[PDB]
Amino acid sequence: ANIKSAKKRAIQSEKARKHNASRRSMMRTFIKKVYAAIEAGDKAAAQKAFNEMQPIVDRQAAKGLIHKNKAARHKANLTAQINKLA
Amino acid sequence: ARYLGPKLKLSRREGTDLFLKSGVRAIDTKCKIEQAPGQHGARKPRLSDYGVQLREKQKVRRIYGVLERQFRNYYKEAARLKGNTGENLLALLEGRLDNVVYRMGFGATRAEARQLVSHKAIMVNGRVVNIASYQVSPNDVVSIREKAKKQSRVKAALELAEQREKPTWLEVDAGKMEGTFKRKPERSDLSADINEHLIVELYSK
Amino acid sequence: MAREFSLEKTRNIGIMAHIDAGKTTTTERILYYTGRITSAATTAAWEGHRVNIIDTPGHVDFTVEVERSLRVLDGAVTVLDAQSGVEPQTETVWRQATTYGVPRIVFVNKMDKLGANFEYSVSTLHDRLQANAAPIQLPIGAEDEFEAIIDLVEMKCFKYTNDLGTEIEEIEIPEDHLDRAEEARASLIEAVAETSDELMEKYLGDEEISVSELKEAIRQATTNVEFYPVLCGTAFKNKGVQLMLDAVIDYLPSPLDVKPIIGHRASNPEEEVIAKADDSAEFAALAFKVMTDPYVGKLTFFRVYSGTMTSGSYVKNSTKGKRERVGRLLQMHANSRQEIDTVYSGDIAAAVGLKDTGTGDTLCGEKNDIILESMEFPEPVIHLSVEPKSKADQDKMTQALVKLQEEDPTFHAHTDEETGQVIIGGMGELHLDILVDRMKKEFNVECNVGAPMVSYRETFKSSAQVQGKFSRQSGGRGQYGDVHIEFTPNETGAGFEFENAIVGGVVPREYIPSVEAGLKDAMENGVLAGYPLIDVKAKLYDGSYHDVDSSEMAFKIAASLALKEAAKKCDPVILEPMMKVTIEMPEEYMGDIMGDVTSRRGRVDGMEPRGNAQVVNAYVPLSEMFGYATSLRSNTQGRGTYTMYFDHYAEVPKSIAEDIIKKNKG
RNA sequence: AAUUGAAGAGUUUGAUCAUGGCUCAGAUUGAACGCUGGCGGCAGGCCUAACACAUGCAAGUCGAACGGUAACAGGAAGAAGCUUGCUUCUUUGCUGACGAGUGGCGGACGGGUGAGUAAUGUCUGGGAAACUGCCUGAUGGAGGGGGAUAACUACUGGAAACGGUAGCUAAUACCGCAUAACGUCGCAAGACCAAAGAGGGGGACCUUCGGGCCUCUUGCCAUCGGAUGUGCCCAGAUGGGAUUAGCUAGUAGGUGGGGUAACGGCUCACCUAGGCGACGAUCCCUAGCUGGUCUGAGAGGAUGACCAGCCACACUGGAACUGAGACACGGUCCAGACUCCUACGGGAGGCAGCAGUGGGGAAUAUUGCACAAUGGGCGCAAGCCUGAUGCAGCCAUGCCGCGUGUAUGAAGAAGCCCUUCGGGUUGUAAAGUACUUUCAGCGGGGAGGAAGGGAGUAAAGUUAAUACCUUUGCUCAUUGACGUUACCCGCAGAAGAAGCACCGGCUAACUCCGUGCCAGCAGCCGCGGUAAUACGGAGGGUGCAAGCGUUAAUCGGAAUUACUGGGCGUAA
Ligand SMILES: CC(=O)O[C@H]1C[C@@]2(C)[C@@H](C[C@@H](O)[C@H]3[C@@]4(C)CC[C@@H](O)[C@@H](C)[C@@H]4CC[C@@]32C)/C1=C(\CCC=C(C)C)C(=O)O
Ligand SMILES: Nc1nc2c(ncn2[C@@H]2O[C@H](COP(=O)(O)OP(=O)(O)O)[C@@H](O)[C@H]2O)c(=O)[nH]1
Ligand SMILES: [K+]
Ligand SMILES: [K+]
Ligand SMILES: [K+]
Ligand SMILES: [K+]
Ligand SMILES: [Mg+2]
Ligand SMILES: [Mg+2]
Ligand SMILES: [Mg+2]
Ligand SMILES: [Mg+2]
Ligand SMILES: [Mg+2]
């Protein structure tokens, strides 16, 4: 970079990128657990896993990592599958 | 921007006095008006329609002392203005401050009158105007500067104007050296010699 | 806002010498010394004096650079080798500076060299150069022993303790050298006394000359170019360099001291306008060098003779008669290139962004209309037939030549119409070699040089009467024409002289002009080896015509046939262009020069003792003259000059002529 | 009132009519070249190499976020450095500022360019499945903790680029927790999700002497709105070529899952065999689109510099990241081409921002001035930044205006030219005699673009306060690059200001003398071999005028692609 602000912005963006990735990976991990439980066929396990995910995705959407629509889609899709699984 | 050559030659070519001199003496004494200028000027060749139209347009330009570019713009304006293009054109040429000054009698010749305008001698509505092309509107007071009042040339010009026919659209007062542009001159007021129709034709070829 | 150094402080000097005299070494040392505590000119500060130094080449081929520098320089420093003294090129540069009347000081470098003799070097100055020179300094010892220099003017001594030019211990003149120093000082006084009558009377009065008094007289004499101060030292061993710089400040003139340049007013060439070194006066500068720097672009160096110039302004090139935007003004220093905002009188500076500006041009304000006298450069001594290796290069070759011609005045290029050959001209073999190589690389134009092709002519040796007749009735219209012409050899140089001796109108008057025209056309074509026939008279004494078949074209054909048969009987010979050669050299080399001429199929027309260099006049074939410059310099020890101009056309030696015919045939 | 609108001519023949092409008279230009050139206003100015670029500048700002305090002046203290306390030399964020750092916001704007693109473009008219920093309405919050970390410090490797290691520390930086429905999810019941504080002033009140509390100001969070911007869908329109006829396989559709802010083969699995095309698919060539510009009576034809909207692009080819917004001119990463620096151990770069250089070309300007004004970023504000923008420079490049004198002046001179050798023409033209001075030059005076922002001073609100602060009056001193401004007055003097093309016909203007199918001319027809109004030169004339010609280019005339508005027996 040639501009002082550009240099700083590059450093700050890397800092953010790492933080965001850590949070994003964790969220995805939790979502996958719900999906895996649905695949397994254990409604109880799926429901439990969903109850763990709900607060995470909602908080992530609030923080700005994801959008509320994205959080809603996750909850909606899983809920439907879990209910059918029952 | 101005013709500074022999004025008599112009009149000789057109075969008519273009009033380019004071008029103190007969133009005949000054030059052979009949003969055109030059070695072969005496010989009178046949003139084609183009030649006839050209001479007419040139004549009017020579009388009011307007170059081609400015004259063409006048024609376009005349065409734009509602009414007879030919007559409209003549009105625009009349409105010129320089022409107004000469007609009011402040200037002996339009050439001299133009010098007065350029030298800021003239004042329109109490405001100094140094543009000859300036169009004087109806109901406009055209006076002369105090210094201009002192100028002897102006006084002589007034005398010549008395000899000439008085414009019916201009109210001029001597001593005060102030004239009023009452209205735009009607085609009737303008000389019938001018064949504006030929000019309109030439500028619509 | 104001010039840092006054006009008085300014010192525009130049270094001139023979090849490997030590000019570059000297300049480098000067820059280091001035700098402590490239390009055309470098600015330096010494004892609160601006010193603009220009290093000039020693080779005869690069005489241009010496010439252009001298025009725009106030003073100069001649470097000399202690062992050899004045050398051929030292003489050349001395005469050049004498023409411009440039005050000079002599520095005998290489005092550490084996065979170094300061006294011998000083003697050569008096003998070879015939100049009023005297040592202002004396060396103590020679070669390795040389470790101390004596200031004769102040009668002091400086013991150089090292080759680093530092820790120099100023001491008293050694008693042994003191006696020598006294004698030398006496001689010094006498020389300057010749120039300064006051000093002479003071010397005659035997009153001890004041050091200041003497210095003032020396300054005057040097500035008047009447006396030449001689110094000594070794640049490589850093000895005497500092003293030389001091002498520059103390003796070499300032822009004020130098005589004013008179410039002819452009409006009235007859009107002459003197230009003084006044900043308040109208600006007037002369461009002396035009180069292109890779970073900034084209750099035009100039010398402000009068007035002041500020960057970001418009000036007018009086020579070109065009306005020039002076965007940037760069001043070159020992290390970096600093951008100056204002250039004052007596200052050398480089303008960036000037267009259509060449060397010798007078740059001035728009109001100003003065044209300062331009510099005079010599004419080519060597000519070669340059040509591109490929046709694609020919385009590039043209552009290359143009640029090269602009950069170097002495470089010339032209196309001989007859031979249809572009010929390059230069000041020597080395010069043209460098130019060619530059085209090959910089301009990327692969070219091949050679001897310029010589255009030959033909003439009839015998007189014969011949009849030419034409007849064409084979197809429809018939054409007939007959002419009896006598082709007589004409006095060389007279040219074609057609004679109409037709009597009784045997040939109709109307057809006679066509007869001549036909002959002229036929004579333009070769009658032997395809070379225009010259120096022949044709007499139309008799002929015939057929009213019906008479056509001017027929008579023209008949004329051609007549010339053909004339050739078969008139013995056509090949002629070669002969050039009058005027060679000036010292009498010592006269025998060799004459021998070379009589070896190149040349004849000595005579000789004359012009000045101190005998001038030999001779006529030599143009083809033979090729390469005379190099041989001349070889024979005359680079002390020979010549001028060649076409004189007449002479018959080629039968053997050589035979070859020419064969060549033209195929 | 917006309404003015339609011209022909030359050239095929011995002559004619027709047909038909060629040429010409007119407008217009980013123009170029030749010759010439006084001034001013306004505008325009690389169409070439999206060729390569030396150098400076074009994006910062905020201490009323935070730890600080390097740097300069203070504030006290102070050996007071000091000796008359004359001078004021140590201390400490204290304290106005403030380097670097952390943080916030901006950098996705503004500016450049038209390479690519014949349509995930543009234009016109609609649509539904979205999102939206700053700004604005309404309704509630902003509770209580923790773990870090830059700067910094020590040490240490670098030629440089810049780093490495161990401690250390703060926040409106970061993360749990509490609380939260007019939020999300769900049929419902339920479940779950947030924050940030920082400044101004001050009275009971108080220790923790910092504060706390009260109030004022600003900021933070949630939801629902507005506005604005943006994404997406559809129809029609927006070049040429068939000497391009077949094209397609995520292709066409369906179902389910995933994905997106959102719809959707967007993606994937599976199923079906579809989809498209002679109303031109596919392929090839060319090209940014539009409002508009030029021409035309119009219909059309041509065209898309400058201005404005839209799109695309940023060394070339990819790729994400950050963010409200980018797959980002002056950001990152990879690869490539190319260049540069070097201590040879390694580094660095992207003018299609403004100047400018080299090159290319017939050809296109200064490395200018100011942020005074408008507008934008940041900020509480002051202010700072702004090659945006306002101005200045160069250029007859265009448009427009103006000057270079006015009047008089006849044997009408001289001279030139012609001559019918008499005169005539040049020509009132000259000289001369009167006479006025724009503009130019010199000097003098002197608008408006300036609104605000300050210092306050008073009132009102403000609340505990009359605080603070805000608002409105009022007072006072100032705020212009242009700029030696526009403009006016005085000065003396006609001084300092005319050129270019043309004269055979077309087409306004004719002779003399050279030259003799030569040398030349030439839009077309044609001229030139003994005078040639056609060449060459001179006189005279004509047309234009600080311009005049020439070349290039578009339209017209050309009803000569005929929709308006043409033809096919013999002219196609
Ligand atoms: C600096 C100075 O004094 O002269 C310099 C400068 C120098 C004269 C150069 C030699 C030669 O190229 C010269 C010519 C004429 C060569 C031909 C062109 O290109 C000219 C435009 C050029 C100008 C000067 C130049 C470039 C020098 C020499 C001479 C070197 C000797 C030999 C044998 C090659 C030098 O430096 O010694
Ligand atoms: N012995 C000796 N050699 C010297 C001296 N000064 C210079 N030289 C050498 O002589 C040569 C001169 O070369 P240069 O300076 O280029 O001379 P130029 O051709 O006159 O410019 C170089 O080899 C120098 O090192 C000196 O004082 N003594
Ligand atoms: K026709
Ligand atoms: K697809
Ligand atoms: K691209
Ligand atoms: K039709
Ligand atoms: Mg050298
Ligand atoms: Mg394109
Ligand atoms: Mg048509
Ligand atoms: Mg037809
Ligand atoms: Mg037929």
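Residue numbers start from 1 in every chain, and the chains themselves are labelled A, B, ... in the order their sequence lines are given, proteins ahead of strands. We use all heavy atoms of the structure for the numbers below, so side chains are in, but hydrogens, waters and symmetry mates are not.
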For the nucleotides D:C123 and D:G236, report whether a Watson-Crick or G-U wobble pair is present, with both relevant distances below 3.5 Å. yes

Are D:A355 and D:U55 a pair by Watson-Crick or G-U wobble criteria, both distances short of 3.5 Å? yes

Of all the choices, D:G540, D:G409, D:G259, which nucleotide is nearest to the side chain of B:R25 once you look at every atom? D:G409

Using only modelled atom types and a 3.5 angstrom limit, is any donor from either the side chain of A:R59 or the base of D:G176 paired with an acceptor on the other? no

Rounded to whole Å, how long is the line connecting atom CZ of B:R43 with atom P of D:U542? 12 Å

Measure from the side-chain heavy atoms of B:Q115 and tell me the nearest of D:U436, D:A2, D:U428. D:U436

Compare every heavy atom of B:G41 with every heavy atom of B:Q35, then report the nearest pair and how far apart it is. CG-C, 3.7 Å

To the nearest Å, give me how far apart NZ (B:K32) and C1' (D:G423) are. 11 Å

C:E407 and C:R438 ion-paired at < 4.0 Å: yes

Determine which nucleotide pairs with D:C474, using a 3.5 Å limit on both distances of a Watson-Crick or G-U wobble pair. D:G456

Is a donor-acceptor contact shorter than 3.5 angstrom present between the side chain of A:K75 and the base of D:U184? yes

Compute whether any side-chain donor of one residue and acceptor of the other, for A:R9 and A:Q12, lie under 3.5 angstrom apart. no

Please determine whether any donor N or O and acceptor N or O are separated by less than 3.5 Å between the side chain of B:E112 and the base of D:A407. no

Could you state the CZ-P distance from B:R114 to D:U404, rounded to the nearest angstrom? 9 Å

For atom OH of C:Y295 and atom P of D:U55, their distance in whole Å: 10 Å

To the nearest angstrom, how far is A:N20 atom CG from D:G323 atom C1'? 10 Å

Do we see a donor-acceptor contact under 3.5 Å between the side chains of B:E77 and B:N73? no

Between the base of D:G103 and the side chain of A:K8, is there any donor-acceptor pair under 3.5 Å? yes

